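Reading through the structure tokens given below for one structure.
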Amino acid sequence: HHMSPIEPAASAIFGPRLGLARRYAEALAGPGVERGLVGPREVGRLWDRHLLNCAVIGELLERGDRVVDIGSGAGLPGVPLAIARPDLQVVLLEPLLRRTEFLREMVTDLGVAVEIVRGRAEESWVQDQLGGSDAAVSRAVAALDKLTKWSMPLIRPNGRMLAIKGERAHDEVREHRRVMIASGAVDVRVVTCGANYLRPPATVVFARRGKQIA
Ligand SMILES: Nc1ncnc2c1ncn2[C@@H]1O[C@H](C[C@@H](N)CC[C@H](N)C(=O)O)[C@@H](O)[C@H]1O
């Protein structure tokens, strides 16, 4: 079978919306695979590697944050985040129409307060449409320099960038810190989330939108 939630982590993270989480995992395991959006090998990793690892980065988001998920793909990390944290207002930014079709289907079949923008982060109209967001999250999108260039315009002054990055976080920070600062980041550091539940924990390149103009 192997679609039943990993406990107690799943209830820790999703609480009363565990059922929404399970519905989402099922659709990723079903139509997500049938449509070529979820790799077959990932089906048995949907809880620990995808839903849980993505949703724990909510530990770094304040109540009621407006969040842009840059390059959401099949909904990761934005949809696990929205399910875990109903207080958030999540927007999934994704350019591929095949993927946005998928996302709209799921978001309506879940009742989750998630919106979908089909566009690329570097587009002027996107920067206007999603400017002033409280946070910009991402996973598996781009190297940290381009990612930060894409993220900072969408974040209000003193907002937060959360780039899920894994064991390559530190290297990436060390390589790109300088140009990250030039793009408007300050206080760049590697942080971990969900360390009560996951080993390794989720590893996130955290930054603030500093006051400097890029
Ligand atoms: N400039 C861009 N702006 C927004 N999304 C992009 C951009 N470039 C690539 N993408 C998307 O980023 C996603 C890359 C995927 N590898 C990641 C999907 C998802 N974030 C995941 O972790 O499973 C794709 O779905 C792309 O269509």
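Numbering starts fresh at 1 for the residues of each chain in the structure tokens, the chains themselves are lettered A, B, ... in the order given, and ligands are numbered from 1 as they appear.
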
Practice task
Write down as number ranges by chain the residues belonging to chain A that are assigned alpha helix (DSSP H) by DSSP computed on the backbone.
Solution key: A: 9-14, 18-27, 33-34, 53-55, 78-84, 97-108, 124-130, 144-151, 169-182

Show me a table, sorted first by chain and then by increasing residue number, of the residues of chain A having an atom at most 10 Å from ligand 1, each with its shortest atom pair and the distance in Å to one decimal, counting only C-alpha atoms and all ligand atoms and written as CSV.
residue,atom,partner,partner_atom_place_in_ligand_line,distance
A:37,CA,ligand 1,23 (O),8.8
A:38,CA,ligand 1,23 (O),8.2
A:50,CA,ligand 1,23 (O),7.7
A:54,CA,ligand 1,22 (O),8.4
A:69,CA,ligand 1,20 (N),7.6
A:70,CA,ligand 1,4 (C),5.1
A:71,CA,ligand 1,5 (N),3.3
A:72,CA,ligand 1,20 (N),4.1
A:73,CA,ligand 1,25 (O),3.5
A:74,CA,ligand 1,19 (C),6.0
A:75,CA,ligand 1,19 (C),6.3
A:76,CA,ligand 1,21 (C),4.7
A:77,CA,ligand 1,20 (N),6.2
A:78,CA,ligand 1,20 (N),8.2
A:92,CA,ligand 1,4 (C),9.0
A:93,CA,ligand 1,4 (C),5.6
A:94,CA,ligand 1,5 (N),4.6
A:95,CA,ligand 1,27 (O),5.2
A:96,CA,ligand 1,27 (O),5.1
A:97,CA,ligand 1,27 (O),8.8
A:98,CA,ligand 1,27 (O),9.4
A:99,CA,ligand 1,25 (O),6.9
A:100,CA,ligand 1,25 (O),9.1
A:117,CA,ligand 1,4 (C),9.4
A:118,CA,ligand 1,4 (C),8.2
A:119,CA,ligand 1,4 (C),6.2
A:120,CA,ligand 1,3 (N),3.4
A:121,CA,ligand 1,3 (N),4.1
A:122,CA,ligand 1,1 (N),5.8
A:123,CA,ligand 1,1 (N),8.0
A:126,CA,ligand 1,3 (N),9.3
A:137,CA,ligand 1,20 (N),9.0
A:138,CA,ligand 1,20 (N),5.9
A:139,CA,ligand 1,22 (O),4.2
A:140,CA,ligand 1,17 (C),4.7
A:141,CA,ligand 1,14 (C),4.4
A:142,CA,ligand 1,8 (N),7.5
A:146,CA,ligand 1,1 (N),8.9
A:147,CA,ligand 1,1 (N),8.6
A:150,CA,ligand 1,1 (N),7.2
A:151,CA,ligand 1,3 (N),9.5
A:164,CA,ligand 1,22 (O),8.4
A:165,CA,ligand 1,22 (O),9.8

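Here atom CA of residue 43 of chain A is placed at a distance of 8.4 Å from atom CA of residue 3 of chain A.
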
inquiry  = If we count only C-alpha atoms and set the cut-off at 6 Å, which residues sit around residue 156 of chain A, ignoring sequence neighbours fewer than 4 positions away in its own chain? Please answer as a PyMOL selection string.
reply    = chain A and resi 132-134

Those same residues - C-alpha atoms - I'd like them written as a PDB file, in the first residue's frame.
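Written file, result35.pdb:
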ATOM      1  CA  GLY A 132       5.726  43.004  -1.244  1.00  0.00           C
ATOM      2  CA  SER A 133       5.284  39.346  -0.273  1.00  0.00           C
ATOM      3  CA  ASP A 134       6.351  38.413   3.257  1.00  0.00           C
TER       4      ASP A 134
END

Å distance separating atom CA of residue 68 of chain A from atom CA of residue 91 of chain A, one decimal place: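 If I compute the distance from atom CA of residue 68 of chain A to atom CA of residue 91 of chain A, I get 4.8 Å.
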
Between A:19, A:201, A:166, A:153, which is the closest to residue 213 of chain A once you count only C-alpha atoms?
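That would be A:153, the residue with the smallest distance to residue 213 of chain A.
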
If we count only C-alpha atoms, what is near residue 47 of chain A at a cut-off of 7 Å, once residues fewer than 3 positions away on the same chain are taken out, given as a compact mmCIF listing (two decimals) with C-alpha atoms, in the first residue's frame?
# COMPACT_ATOMS: atom_id res chain seq x y z
CA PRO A 5 1.16 8.95 6.78
CA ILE A 6 4.43 8.61 8.67
CA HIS A 50 8.54 15.73 0.05
CA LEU A 51 5.50 16.62 2.19
CA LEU A 52 7.15 16.62 5.62
